[PDB]
Structure formats: C-alpha cells, structure tokens
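Enquirer: What follows is a single structure, and I will ask about it in a moment.
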Amino acid sequence: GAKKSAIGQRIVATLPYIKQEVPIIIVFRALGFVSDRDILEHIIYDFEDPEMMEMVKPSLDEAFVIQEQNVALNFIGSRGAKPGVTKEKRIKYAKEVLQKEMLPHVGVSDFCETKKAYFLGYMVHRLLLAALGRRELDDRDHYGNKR
Amino acid sequence: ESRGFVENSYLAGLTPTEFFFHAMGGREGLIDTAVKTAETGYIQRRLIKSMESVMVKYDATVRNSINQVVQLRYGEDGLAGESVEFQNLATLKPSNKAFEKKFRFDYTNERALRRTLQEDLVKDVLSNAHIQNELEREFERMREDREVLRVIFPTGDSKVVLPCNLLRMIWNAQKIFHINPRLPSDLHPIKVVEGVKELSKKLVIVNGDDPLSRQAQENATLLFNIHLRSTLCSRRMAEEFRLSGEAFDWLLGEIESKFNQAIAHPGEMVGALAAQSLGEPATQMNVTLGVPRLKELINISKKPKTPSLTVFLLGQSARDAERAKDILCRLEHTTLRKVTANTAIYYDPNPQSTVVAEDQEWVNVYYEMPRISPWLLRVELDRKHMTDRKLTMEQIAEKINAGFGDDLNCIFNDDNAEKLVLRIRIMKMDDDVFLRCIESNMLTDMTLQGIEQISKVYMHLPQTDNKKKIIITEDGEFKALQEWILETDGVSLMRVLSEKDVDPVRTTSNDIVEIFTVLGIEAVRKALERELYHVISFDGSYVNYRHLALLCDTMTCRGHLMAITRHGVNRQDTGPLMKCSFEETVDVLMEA
Amino acid sequence: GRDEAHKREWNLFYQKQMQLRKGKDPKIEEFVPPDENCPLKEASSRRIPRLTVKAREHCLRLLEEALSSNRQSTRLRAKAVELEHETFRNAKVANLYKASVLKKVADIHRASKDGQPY
Amino acid sequence: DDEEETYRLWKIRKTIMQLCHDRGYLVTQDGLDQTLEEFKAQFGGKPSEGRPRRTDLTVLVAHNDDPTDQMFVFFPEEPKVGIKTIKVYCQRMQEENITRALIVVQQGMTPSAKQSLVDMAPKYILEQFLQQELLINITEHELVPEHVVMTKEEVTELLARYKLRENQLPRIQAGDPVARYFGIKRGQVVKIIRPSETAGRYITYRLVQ
Amino acid sequence: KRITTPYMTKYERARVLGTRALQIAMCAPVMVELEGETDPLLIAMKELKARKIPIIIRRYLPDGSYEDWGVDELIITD
RNA sequence: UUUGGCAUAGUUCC
DNA sequence: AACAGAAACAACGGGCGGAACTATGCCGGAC
DNA sequence: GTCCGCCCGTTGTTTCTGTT
C-alpha cells in the first residue's frame with residue numbers, strides 16, 4: 001500500500017514484559033527527552049551523515065502524535081502483562097518496567113536514564129550501521145561471542 | 001595457503017594451518033554422514049507404505065488391494081527384472097546405404113552366393129521366385145521396423161535392455177555345434193525366415209485372439225521382435241554367423257525357453273520391490289540434487305527450492321547470438337530500478353526558469369506551444385543499463401503512459417545529450433506525499449519488460465547429448481547440433497511457451513505442479529519420470545526402468561497428483577486399518 | 001496474489017488522489033475546425049483527444065524550419081506535410097505525437113550538423 | 001501493437017482450427033494452414049480501428065458424422081464476459097438451432113457467468129477458453145502422449161475383455177487441460193498411446209471422473 | 001477354458017513342497033518308492049520331480065473367478 | 001521358578 | 001441496496017531412522 | 001485416617017467484485 005511504500009523502514013523495540021512492539025521514539029520520549037534534536041544527538045553522533053538522517057526520518061515521523069513523557073509512558077504501559085483498569089497504575093507499571101527490566105546492566109538507580117538513553121541510542125546506531133552496510137553482521141558461532 | 005590449499009602429501013606431513021584446515025574439511029564429511037541417514041530411512045519408509053500392497057495378479061495385470069489397475073502389463077512388457085540384459089539394436093544408427101548393404105541379402109552377384117551358401121542351395125535361390133519375393137518382403141519389414149525404432153528412440157541410442165541375449169546365444173550355438181566359419185553352410189535363408197516367423201508366435205505376453213488382445217500383444221513384444229528380426233536376418237546369418245540346420249533349430253529352442261523363463265510370476269510384490277529398489281540408492285546419494293530433490297519430488301510442493309525452466313529456440317535465434325540475446329531480453333523481468341540511475345523531487349513552479357539548468361532548452365521548447373501542480377519528479381536513467389537491454393526512452397515513456405494514463409505529464413530528453421532526463425508532473429491529497437508514492441510505485445511496480453516471476457535468465461551452449469538437438473540427415477545418420485538453450489530462475493511456463501520465437505515442443509520446466517496445471521496428467525507422469533531418472537543417474541547409478549514406471553504410475557494413478565504423505569496416503573479409498581498404521585492412527589480410526 | 005492486491009490498493013489510492021484533483025466541470029476544450037488555408041492532411045480529424053489544429057500547424061512549422069535549415073546547409077512544404085501526417089497517423093495521444101514530432105526535428109538537425117540531406 | 005494483436009488473433013484461430021479438427025469436425029486443409037500474411041489479407045492486417053474486431057471471426061462448422069450437429073466458436077469483445085453476454089450467445093444458439101459452442105475469453109469470466117453457463121448444461125453446452133490457453137497447442141508438446149476418445153462400444157468391449165468395472169480404471173479429471181481440449185464429459189474413457197522404453201508401445205486407458 | 005499361465009510359479013512350488021513335506025511328516029502314504037530317503041522335504045521334492053504330488057492349486061482371478069490346476073498339469077520350471 | 005515401571009546419560013554399528 | 005461467489009492473508013496442527021549395549025536416579029507431603 | 005527448530009495442509013477472517 002501507498003503509505004507503507006513511502007515509509008519504507010521503521011525502527012521498533014521489543015521491551016521485556018510488554019505485550020507487543022513499541023516504536024523507538026516513544027521509548028526515548030518515555031525516558032524524558034522531548035526534542036528531536038536531543039534524540040538525534042543521542043542516536044546520530046555525527047550530523048554530517050544525510051543517509052543516516054534519512055534512514056532515521058521515518059522513525060521520527062511516528063512522533064507526530066506523542067510529544068510528552070506522561071502520554072509516552074501511558075502508551076508503553078498500556079500493554080503490560082495484566083493491563084490495568086486505571087491509568088496511574090499503568091503509568092507506574094510503565095516506569096517500573098523502564099527502570100527495572102530494560103537494560104539492567106547499565107543501572108537500576110533512580111538517575112540511570114541519562115545512561116540508558118545513551119546505550120539505547122548506541123543500539124539504534126549500530127542497527128543503522130548494519131542496515132547501511134558499514135559493519136559486518138555478527139555470527140553466533142564465533143567463539144568470542146560465547147561464555 | 002591462506003584459504004587452505006595443502007601443498008604437502010600425507011607422507012611429508014601437514015604444517016599446522018593445513019592440519020587445522022584439513023580437520024575443518026573432514027568435519028563436513030562426518031556431519032553429512034551423521035545427517036543423511038535418518039532422512040534416507042524416512043524416505044524409504046514412506047515409499048514402502050505407499051506401495052506396500054501392489055501385486056502381480058494371475059490376470060497378469062498389476063493391481064493394488066482394491067483391484068484397481070495400475071499397469072495392464074508389469075513394466076509395460078510383462079517380464080521380470082532379474083532376467084533381462086543390456087543389448088544393442090544394430091539397425092537404428094547405420095545410414096541408408098550401410099543398412100541396405102548389411103541387411104539386404106543380394107541374391108544377384110552369385111559369387112558371394114557360391115562362397116557363402118552351398119551349391120545345392122545357390123541353384124535353388126537363383127531359380128525360385130517365391131524365395132526371392134519372401135527375401136524382399138523380409139527387408140521391407142526390416143525397413144519399417146527401422147523407421148519405428150527411429151521414432152521410438154530419437155537422439156540415436158542403441159543400448160537397450162531385453163530378455164534374451166541373442167548374440168551370446170549365437171556364439172554358444174557356434175561353439176556347441178563346431179561350426180567352421182570358413183566353409184559354405186547348409187542353411188536355407190527361406191528356412192531362416194520361416195523359422196523366425198514361427199518363433200515369434202510362441203513368445204506370447206498377452207493371450208487372446210480378439211483384435212484388442214492381438215494389439216496388446218504386438219505392443220507388448222514390438223521391441224523384442226524388432227531386435228529378433230534384426231539379429232536373425234538371413235544375410236547376417238549367411239555372412240557373419242554361418243550357422244547350420246541343427247544349430248538354427250537349437251538356437252530357436254533356446255530362445256523360446258529363455259523368453260518363457262523371463263516372464264514375471266504372478267504373486268510378486270512388485271510395489272515393495274520398487275520401493276526398496278528406489279530407496280536403497282538414497283542411502284548413497286546451480287540446482288538441488290540428491291536427498292533434498294528426492295524429498296521434493298516425492299512430497300510435491302508448489303514452492304520448489306530452485307525452480308528452473310529450460311527453454312529451446314526455434315530458428316535463427318538458436319544459432320545466431322543476436323536473436324538469442326533478444327529472446328534473453330524478452331524473457332527476463334525488469335522494472336525501472338534496474339535501469340534508473342538517480343531520482344529526486346524538486347519544487348519548480350516556473351516552466352521557464354527551471355531550478356535544474358540542464359533541461360532548460362527542451363523544457364522551454366515543450367512549454368512554448370500548449371492546470372498543473374508546481375512540484376516535479378525528476379529521474380535520471382543509467383546509460384549503461386539503458387543501452388544494455390536495447391531499451392528506448394520513447395518505449396519507457398509509452399510504458400509510463402500505459403501504466404498511469406494521461407493524468408501524469410512526461411517530458412524526456414534523448415540519448416544525444418550525455419544526461420538522459422525524465423520530468424514528471426501531475427496534470428488531504430497533498431502533492432509531496434503523492435509524488436513519493438508515484439516514484440515508489442514507478443520504481444518497484446513498473447514492469448518495463450520481461451515476464452513477471454522470472455528473475456534471472458542464463459544463456460549457454462549445451463554440452464550434453466540430451467540437451468542438444470539431434471536430427472536425421474538426408475542420408476539417414478544421426479548428427480548432433482549445438483543451439484543456444486536458456487536456463488531461467490523462477491517458473492512461468494505458459495507465457496514462455498506462448499512467446500514468439502520459442503519452441504513449443506521441447507520447452508520444459510522442473511516444477512511438477514506447473515507441468516500438471518499446464519499440460520495434464522500424462523505429461524506430469526512423463527516429467528516426473530524424467531526428473532527421477534535425472535536425480536538417480538546424476539550419481540552414475542542404475543535402477544531398472546520398471547521400478548521408476550511403477551512409482552510414477554502409483555503417484556499419478558487417480559488423475560491428480562498424490563504426494564506420498566499422510567494427505568496422499570489417506571486420500572486413497574482404502575480400509576481404515578491401512579491408513580491407521582501411517583502418520584495418523586487415532587484420528588483415522590475415530591473418523592471411520 | 002500479493003502483487004495483485006498491492007496493485008489494486010495502489011490503483012484505488014491513485015484514483016482517490018486524482019479524483020480529489022479533478023474539478024466538477026472538466027471544460028471539454030472546443031475543437032476549432034481548420035481554416036481554408038490549413039495545409040495539414042486530415043486537419044479536421046478528432047482522433048487524438050486534446051490535440052488542436054493550431055498545435056498541429058505549430059508542429060508542422062517546426063518541421064518546415066528544420067527542413068529549411070537542412071536544405072540551406074546541403075544546397076520542402078510537401079515533405080513537411082508528409083512527415084507531420086505520418087507522425088499524426090502513428091500517434092494515439094497528444095503528448096506522444098508532440099514527442100515524435102520533436103524527435104523528427106532533432107533528427108533533421110543531426111543530419112544538418114553532419115552535412116547530410118535529411 | 002497492431003502486429004502483436006494480429007499475431008495473437010491468428011494464433012488463437014489456428015489453435016481453434018486444430019481443436020475442431022481433432023474433435024472430428026470438418027475443417028479443410030486451407031483453413032487449417034493459413035499464413036500470417038494470408039490471414040492479414042483475408043480479415044484485416046489492422047485490428048485497432050480495422051476489420052477484425054473480435055467479431056466476424058466466429059466459426060460455424062459441422063461434424064463429419066452429422067451436418068445437423070454443429071458447434072460455434074464465439075469471440076467475446078469484453079475482457080470480463082457477463083450474464084447478459086452469455087444470454088445473448090444462448091439466444092443466438094437457440095435461433096440458429098446449435099447445441100454446442102466454444103467461447104474464447106479475453107481475461108476471464110465472472111463466477112456468476114460461469115454458474116449461468118453450468119446451469120443450462122442439458123439444454124446447451126458451452127466451454128470457456130482463456131486467450132492465453134490457446135496461443136499454443138498443448139497436444140503438440142512432446143510430454144503429451146496421443147489421446148483417443150473411445151466410443152461406448154469400444155468401452156463395453158474393453159470392459160468385457162478385461163472383466164473390469166469402471167471403478168478399476170485409472171482416472172482423469174474433467175478439468176484436465178487435454179480433457180478440456182477434447183471436450184470430454186464424465187463417464188467417457190480416453191485411450192493413451194505412447195512409446196515405451198521396455199516394450200516399444202503401451203496403450204493405457206483413463207476414465208473421465 | 002483356462003487362461004492362467006501353464007508354468008508353476010516359484011511361490012506355488014514353495015507352498016506345495018512345504019505342505020507335502022508336512023503331510024508326509026504327519027505319517028501319510030507316499031506316491032513314489034523311496035530308495036533310502038528319510039527327510040520329508042527330500043521325499044516331497046522327489047515326488048514333485050516324479051509328478052506324483054496329489055494337490056490341485058486353486059488360482060483366484062481378480063474378478064472373483066478361479067481355476068483349478070493339478071500339479072501334474074503345470075510345467076515345473078525349477 | 002519365578003518376573004517392577006518411568007526418566008536421563010554414555011557407547012557400538014551403518 | 002442486498003446477496004452471493006471467489007480470493008488474500010493469518011492462525012493452527014502434525015510431522016520429522018534403524019538396530020543394539022551399559023549405567024544411575026526415582027516412584028508425594030503433614031498432621 | 002483426612003486434606004492438599006522448519007514445512008506445509010485445514011479453517012477463519014476479512015475483503016473484493018458481479019446480479020437482480
């Protein structure tokens with residue numbers, strides 16, 4: 001169809017303990033970043049890369065609706081293991097998941113958002129590099145990727 | 001050395017990197033050995049379950065447990081597999097002149113007669129006229145058999161499998177009766193002709209006297225009778241073998257005995273025999289061959305792993321590379337992305353003052369002699385791909401007009417300038433998002449040329465006697481010709497067959513479902529047999545044709561393709577107890 | 001089946017967007033008949049939609065000017081009228097007619113540059 | 001293009017002539033063998049705005065055993081043949097007193113039209129053939145052995161000779177390409193004559209069911 | 001009118017030999033003069049060679065009919 | 001002169 | 001406008017080698 | 001002595017055209 005054909009590729013994230021997929025800009029906004037300039041500072045490190053900017057543009061076109069942390073958290077928490085009958089409990093569940101089950105190795109304290117955002121941006125950046133054919137895809141049989 | 005070419009022999013020893021590379025090489029062999037076994041066993045089990053109850057009845061027909069005919073004569077001839085031998089026909093390949101000289105029995109020279117036949121027989125031959133008429137009629141029958149053979153066996157293969165080894169029987173007769181080849185014989189060629197005619201009546205496969213039964217017997221013994229007449233020709237007997245009366249009588253007796261012994265015994269379990277005979281090679285077994293190919297052919301899927309479609313050309317396209325490349329272009333799918341160089345969306349409301357300076361002259365010429373939207377869709381076409389496919393910008397423009405109608409505008413440059421330019425303008429619903437959908441559709445849906453679903457098409461001269469065209473010259477020999485043959489990826493058989501300058505007779509694919517839906521059930525049977533023969537004989541192995549024919553008939557007996565799975569096994573109108581023992585027990589029993 | 005579905009979805013999308021760009025009264029451009037001095041063959045023919053007599057007369061002048069320039073280089077009306085009429089007869093739509101005329105003009109100019117009579 | 005359209009019409013006509021010749025109807029040698037230029041001359045070399053307009057190409061021919069039993073070969077001019085078109089064709093057949101007719105379709109027929117074709121089966125027999133299915137003769141392909149339609153007398157004699165009930169023969173679907181080519185109904189038996197590698201010839205039998 | 005083959009198939013030969021050997025081993029009269037033999041299988045083979053085995057084979061055609069062939073009438077191939 | 005079963009692991013042979 | 005025939009996509013379920021030989025742990029828990 | 005990892009045949013859902 002026409003709209004999918006024009007959009008092309010979109011970037012989505014599968015957070016644990018959540019019913020289905022979430023667009024990445026929603027998660028970044030839920031972390032507390034509103035401005036597209038700031039989100040692109042977290043993702044695209046060198047802004048003199050028009051191909052990367054064009055690749056990330058359709059992901060930002062899903063931010064036409066969501067613009068605030070509260071509504072972003074609501075959207076994330078709507079899809080919990082047991083969806084709530086209220087809204088404050090759903091938003092608290094969303095914050096709890098983004099603070100406890102998303103990237104535990106970065107941190108679990110209250111002020112870990114400033115680093116979780118950077119690491120999630122690094123994941124997205126490496127995905128873009130893979131999609132542009134600038135780094136080789138990993139292989140599971142390589143023994144440096146084993147324990 | 002870097003990528004693993006071991007320069008040393010096992011006696012000199014391997015340097016450490018070569019040792020590790022050799023271990024990496026041997027691991028693959030160990031893995032294949034440990035992997036193929038279960039799949040081979042499963043294939044053999046499925047075949048056995050499919051054909052476990054097919055038998056040879058006392059009617060001589062081949063029927064399953066429900067008395068449904070599979071073959072009216074086992075192996076289409078009625079003989080047993082373990083009693084037949086390889087033999088040569090010896091009258092198919094020789095030219096006209098050689099054939100006549102070798103099989104004519106000249107009775108006019110009379111010096112060859114005095115040298116080969118006895119004195120009391122040469123006078124009889126030169127005096128009688130009924131003898132001469134019979135001897136000419138024999139050669140007429142041999143010529144007709146030669147034409148029948150050439151129809152049955154194109155590509156000129158003499159090697160064949162028949163029950164009685166006539167040449168070895170003749171050698172045995174010569175040694176048993178102490179025949180001296182340097183002396184004239186006492187065998188009357190009329191006795192030879194009459195003996196062969198009487199012998200052929202005692203080799204009965206289909207018993208009866210109705211026209212239907214006589215036709216069935218003639219069809220059942222045609223090839224062997226042709227071979228018998230070719231071998232026991234009177235001239236060949238007089239020149240080469242030089243038999244005698246008692247020797248010829250003993251030979252006829254031995255032929256009768258061996259033919260009667262080489263007939264299939266009623267009660268044989270030919271279905272299980274065929275299952276084992278086709279499944280035991282599986283344990284030793286750019287396309288797919290071997291175990292995966294056998295799996296695909298047995299359980300037919302509508303999506304083969306590597307579909308292909310070998311295409312033969314009719315005329316001068318077969319020889320000259322020009323029309324060969326032209327057909328190659330005609331039969332390969334190509335959208336606009338395959339030829340486009342770059343594209344862009346501009347904002348240029350001024351027809352005269354154009355943001356791009358290159359189009360100025362011709363865009364002004366177009367606009368000077370006549371609303372519209374101010375947006376643009378400027379695309380650039382790669383010259384190399386544009387000129388490779390022999391495409392033309394007028395052709396692209398008319399294809400765009402056909403695809404979108406006159407609600408678009410199109411202005412195009414020509415190949416004179418170094419930059420080939422196409423400019424498109426439109427003659428909720430905002431322009432930029434509409435132009436991006438126009439570009440996206442026009443680049444992935446245009447279909448400028450080719451046949452859809454045909455991805456890549458190759459073009460190479462054949463190097464095998466089955467993929468080459470073999471004709472018969474005016475002197476009767478077989479001459480092999482090399483003509484260009486195509487080999488595509490992806491299958492759409494009907495369109496390729498309907499294409500101009502494509503041979504509608506020899507064109508074939510390797511998708512069984514496609515062959516079915518295009519050509520029927522008999523064609524699917526023949527094609528399935530050919531594919532099975534190819535996969536089996538890729539390894540140089542040999543399997544008797546009767547087992548192949550039985551498997552193909554079992555699979556295509558009921559008019560539709562019957563995959564050997566639970567679906568096909570339970571589709572049969574058999575008893576529930578046969579189906580319960582195969583891939584579905586409780587469900588079948590409870591349904592019944 | 002997916003290609004057929006996508007082609008139908010595209011055609012519906014395209015038709016919707018073009019209907020939103022079609023005004024209520026598409027003024028059918030009135031066909032003005034040729035004048036008494038019109039040198040065009042089949043001048044009154046309405047076979048090509050939206051192709052006017054004045055457009056064909058303009059296209060004919062371009063062919064004459066090109067052929068005149070060619071003859072001046074190599075040391076004409078009848079030939080221009082035949083070239084126009086052949087192009088008219090082969091064309092189905094006005095845009096392709098115009099493009100085939102401009103191609104003939106470019107071919108005449110190429111012959112003139114090469115010092116060849118067209 | 002006009003050349004390609006003329007070529008397609010000529011190929012369809014030639015295949016239908018071969019089909020009628022195989023079905024036993026009376027088609028002459030000159031009608032069977034027409035060159036492209038001869039067809040261009042006889043019925044227009046220009047299809048678009050020309051004499052051949054998918055009409056006047058309809059063929060009426062009489063069976064070799066009965067001039068009273070005749071067949072039509074109609075060429076609808078519509079990419080999607082409809083109920084009213086089928087009714088028009090049936091009216092023409094009724095007025096000309098014709099039992100059987102062929103219909104070559106540009107692209108396809110609506111399911112409503114197909115069911116309205118099936119409904120009148122005892123009254124009239126009409127068959128649908130696509131434009132793509134007739135650009136080639138499937139019978140001429142080397143993978144397809146010769147088929148012969150057997151009379152009820154031949155069927156009875158065969159069944160008596162082998163002592164077979166018709167359930168015990170191999171089958172062939174009524175939607176088979178060759179079955180549609182020969183126009184065979186359920187209950188008829190076809191005979192397959194093919195060369196063999198181990199016998200030299202082998203005659204099989206198939207029941208249309 | 002008998003249409004079945006005039007030879008004795010391997011299966012018929014095997015079953016006839018087994019049944020005749022069992023009959024002899026169950027203390028039944030023989031139809032040949034044994035020249036010193038004692039094994040029932042050997043005696044049965046001797047009888048089959050002599051064409052003295054008193055069995056008639058009932059061959060069932062697939063159409064339900066049948067034909068009775070005596071061992072004396074069937075050509076013994078092997 | 002009387003008879004346990006379920007699961008997991010390792011090994012032999014094609 | 002109501003009805004009906006045919007088709008694209010999605011979800012669900014069954015299917016996956018043959019033999020053979022040793023050993024070891026376990027067969028319900030509280031009151 | 002009582003309670004506690006991949007393929008592909010079916011069927012559904014939904015959709016898209018034709019008739020009257």
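Residue numbers start at 1 in each chain; chains themselves are named A, B, ... in the order of the structure tokens; ligands are numbered from 1 in the order shown.
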Set the cut-off to 12 Å and count only C-alpha atoms: what are the residues of chain B that reach chain A? Output as number ranges by chain.
Expert: B: 432-445
Enquirer: Within 8 Å of chain B, which residues belong to chain G? Use only C-alpha atoms (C1' of nucleotides) and report them as a list in words.
Expert: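 Interface list for chain G against chain B: residues 15, 17 and 18 of chain G.
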Enquirer: Using only C-alpha atoms, find which residues of chain D lie within 12 Å of chain C and jot them down as JSON, numbers by chain.
Expert: {"D": [1, 2, 48, 49]}
Enquirer: Please provide as a list in words all residues within 12 Å of residue 20 in chain H, with the sequence filter that same-chain residues fewer than 4 positions apart are discarded (counting only C-alpha atoms (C1' of nucleotides)).
Expert: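 The residues satisfying every condition are residues 83, 84 and 112 of chain D; 1, 2, 3 and 4 of chain G.
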Enquirer: Please provide as an MDAnalysis selection string all residues within 12 Å of residue 3 in chain H, with the sequence filter that same-chain residues fewer than 5 positions apart are discarded (counting only C-alpha atoms (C1' of nucleotides)).
Expert: chainID G and resid 29:31
Enquirer: Once you have the residues from the selection above, write them out as a short mmCIF file (atom, residue, chain, number, x, y, z; two decimals), in the first residue's frame, restricted to C-alpha atoms (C1' of nucleotides).
Expert:
```cif
data_model
loop_
_atom_site.label_atom_id
_atom_site.label_comp_id
_atom_site.auth_asym_id
_atom_site.auth_seq_id
_atom_site.Cartn_x
_atom_site.Cartn_y
_atom_site.Cartn_z
"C1'" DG G 29 3.70 -34.44 51.66
"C1'" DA G 30 1.68 -33.29 57.28
"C1'" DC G 31 -0.70 -33.90 60.82
#
```
Enquirer: Please build the interface table for chain H against chain D with a cut-off of 10 Å, listing for each qualifying residue the nearest atom pair and the distance in Å to one decimal; count only C-alpha atoms (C1' of nucleotides), order rows by chain and increasing number, and write it as JSON lines.
Expert:
```
{"residue": "H:17", "atom": "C1'", "partner": "D:110", "partner_atom": "CA", "distance": 9.0}
{"residue": "H:18", "atom": "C1'", "partner": "D:110", "partner_atom": "CA", "distance": 6.6}
{"residue": "H:19", "atom": "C1'", "partner": "D:112", "partner_atom": "CA", "distance": 7.6}
```
Enquirer: Take the residues that were just selected and, keeping C-alpha atoms (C1' of nucleotides), output them as a PDB file, in the first residue's frame.
Expert:
```
ATOM      1  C1'  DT H  17     -16.228  -7.519  -7.148  1.00  0.00           C
ATOM      2  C1'  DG H  18     -20.741  -9.336 -10.105  1.00  0.00           C
ATOM      3  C1'  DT H  19     -26.600  -9.873 -10.437  1.00  0.00           C
TER       4       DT H  19
END
```
Enquirer: Hey, which of B:109, B:260, B:353, B:118 ends up closest to chain E? Count only C-alpha atoms.
Expert: B:260
Enquirer: Which polymer residues have any atom within 9 Å of an atom of range 161-169 of chain D, counting only C-alpha atoms (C1' of nucleotides), with same-chain residues fewer than 3 positions away left out, as a list in words?
Expert: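 That gives residues 59, 63, 66, 67, 68, 69, 70, 210, 212, 213, 557 and 558 of chain B; 156, 157, 158, 187, 205, 206 and 207 of chain D; 63 of chain E.
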Enquirer: Output C-alpha atoms of each residue in that selection to a file, as an mmCIF file, in the first residue's frame.
Expert:
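Contents of the output file result12.cif:
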```
data_model
loop_
_atom_site.group_PDB
_atom_site.id
_atom_site.type_symbol
_atom_site.label_atom_id
_atom_site.label_comp_id
_atom_site.auth_asym_id
_atom_site.auth_seq_id
_atom_site.Cartn_x
_atom_site.Cartn_y
_atom_site.Cartn_z
ATOM 1 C CA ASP B 59 -4.709 -61.804 -14.748
ATOM 2 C CA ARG B 63 -3.419 -54.032 -9.157
ATOM 3 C CA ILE B 66 -8.752 -52.564 -4.155
ATOM 4 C CA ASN B 67 -8.303 -54.302 -7.540
ATOM 5 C CA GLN B 68 -7.653 -51.003 -9.312
ATOM 6 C CA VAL B 69 -5.470 -51.408 -12.389
ATOM 7 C CA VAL B 70 -2.056 -49.762 -12.156
ATOM 8 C CA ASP B 210 -9.625 -60.605 -30.263
ATOM 9 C CA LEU B 212 -7.796 -55.889 -28.717
ATOM 10 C CA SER B 213 -5.718 -58.802 -27.407
ATOM 11 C CA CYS B 557 -2.959 -43.201 -10.997
ATOM 12 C CA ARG B 558 -6.078 -41.358 -9.798
ATOM 13 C CA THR D 156 -18.085 -52.006 -23.367
ATOM 14 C CA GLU D 157 -15.811 -54.346 -25.366
ATOM 15 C CA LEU D 158 -12.752 -53.341 -23.323
ATOM 16 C CA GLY D 187 -18.119 -41.194 -17.851
ATOM 17 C CA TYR D 205 -6.898 -46.210 -20.573
ATOM 18 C CA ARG D 206 -8.262 -43.385 -18.444
ATOM 19 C CA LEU D 207 -11.787 -42.764 -17.177
ATOM 20 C CA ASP E 63 -12.576 -60.765 -10.894
#
```
Enquirer: Within 9 Å of chain E, which residues of chain B are there when counting only C-alpha atoms? Please give them as a list in words.
Expert: residues 57, 58, 59, 60, 63, 67, 207, 208, 261, 265, 266, 267 and 268 of chain B
Enquirer: Using only C-alpha atoms, can you tell me which of B:486, B:527, B:204, B:471 comes closest to chain D?
Expert: B:527
Enquirer: Skipping near chain neighbours, those fewer than 3 positions away, what residues fall within 12 Å of residue 34 in chain C using only C-alpha atoms (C1' of nucleotides), listed as a list in words?
Expert: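 The residues that qualify are residues 31, 37, 38, 39, 40, 41, 42, 43, 44, 45, 46, 52, 53, 54, 55, 56 and 57 of chain C.
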Enquirer: With N, CA and C atoms kept, could you save the residues just selected as a short mmCIF file (atom, residue, chain, number, x, y, z; two decimals), in the first residue's frame?
Expert:
```
data_model
loop_
_atom_site.label_atom_id
_atom_site.label_comp_id
_atom_site.auth_asym_id
_atom_site.auth_seq_id
_atom_site.Cartn_x
_atom_site.Cartn_y
_atom_site.Cartn_z
N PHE C 31 -13.24 21.87 -30.09
CA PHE C 31 -12.44 21.64 -31.29
C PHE C 31 -12.76 22.72 -32.32
N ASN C 37 -7.05 27.65 -45.46
CA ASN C 37 -5.66 27.58 -45.91
C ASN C 37 -4.84 26.55 -45.12
N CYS C 38 -5.50 25.72 -44.30
CA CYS C 38 -4.82 24.74 -43.47
C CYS C 38 -4.15 23.67 -44.35
N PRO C 39 -2.82 23.54 -44.31
CA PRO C 39 -2.08 22.64 -45.20
C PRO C 39 -1.99 21.21 -44.66
N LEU C 40 -2.53 20.96 -43.46
CA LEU C 40 -2.48 19.67 -42.80
C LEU C 40 -3.34 18.64 -43.52
N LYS C 41 -2.82 17.42 -43.64
CA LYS C 41 -3.64 16.26 -44.02
C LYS C 41 -4.51 15.83 -42.85
N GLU C 42 -5.75 15.43 -43.14
CA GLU C 42 -6.74 15.06 -42.11
C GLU C 42 -6.88 16.15 -41.02
N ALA C 43 -6.87 17.43 -41.41
CA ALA C 43 -6.87 18.56 -40.48
C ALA C 43 -8.08 18.58 -39.53
N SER C 44 -9.25 18.15 -40.00
CA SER C 44 -10.49 18.07 -39.22
C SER C 44 -10.59 16.81 -38.34
N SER C 45 -9.59 15.93 -38.38
CA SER C 45 -9.61 14.69 -37.61
C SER C 45 -9.51 14.97 -36.11
N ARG C 46 -10.44 14.40 -35.35
CA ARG C 46 -10.50 14.48 -33.88
C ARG C 46 -10.04 13.19 -33.21
N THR C 52 -5.16 20.04 -30.84
CA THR C 52 -5.83 21.06 -31.66
C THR C 52 -5.21 21.18 -33.05
N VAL C 53 -5.96 21.76 -33.99
CA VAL C 53 -5.43 22.09 -35.32
C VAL C 53 -4.24 23.05 -35.21
N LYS C 54 -4.32 24.07 -34.34
CA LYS C 54 -3.24 25.04 -34.15
C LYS C 54 -1.97 24.41 -33.58
N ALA C 55 -2.08 23.38 -32.75
CA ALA C 55 -0.92 22.61 -32.30
C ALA C 55 -0.25 21.86 -33.45
N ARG C 56 -1.04 21.21 -34.31
CA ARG C 56 -0.53 20.50 -35.49
C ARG C 56 0.10 21.46 -36.49
N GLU C 57 -0.49 22.64 -36.70
CA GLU C 57 0.09 23.70 -37.53
C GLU C 57 1.42 24.19 -36.96
#
```
Enquirer: Any idea what the distance is between CA of residue 149 in chain D and CA of residue 132 in chain D?
Expert: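 These atoms are spaced 25.1 Å apart.
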Enquirer: Considering only helix (DSSP H, G or I) as DSSP defines it on the backbone, what residues of chain E qualify? List them as a count of residues only.
Expert: 27
Enquirer: Find the residues around residue 74 in chain C up to 8 Å (only C-alpha atoms (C1' of nucleotides) counted), leave out those fewer than 6 positions away in its own chain, and share them as a list in words.
Expert: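 Those residues are residues 112, 115, 116 and 117 of chain C.
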Enquirer: Find the distance between CA of residue 516 in chain B and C1' of residue 6 in chain H and write it in Å to one decimal.
Expert: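 Distance between the two atoms: 27.0 Å.
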Enquirer: Can you work out which one of G:19, G:28, G:14, G:7 has the shortest atom-to-atom distance to chain C, counting only C-alpha atoms (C1' of nucleotides)?
Expert: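 When distances to chain C are compared using only C-alpha atoms (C1' of nucleotides), the smallest one comes from G:7.
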Enquirer: Could you list the residues in chain C lying within 12 Å of chain B, using only C-alpha atoms, and format the result as a PyMOL selection string?
Expert: chain C and resi 1+3-4+6-11+13-23+26-27+49-59+61-62+91-107+109-110
Enquirer: Among range 83-211 of chain B, which residues does DSSP mark as strand (DSSP E) when it is run on the backbone? Keep the chain and numbering as in the structure and answer as a PyMOL selection string.
Expert: chain B and resi 85-88+159-162
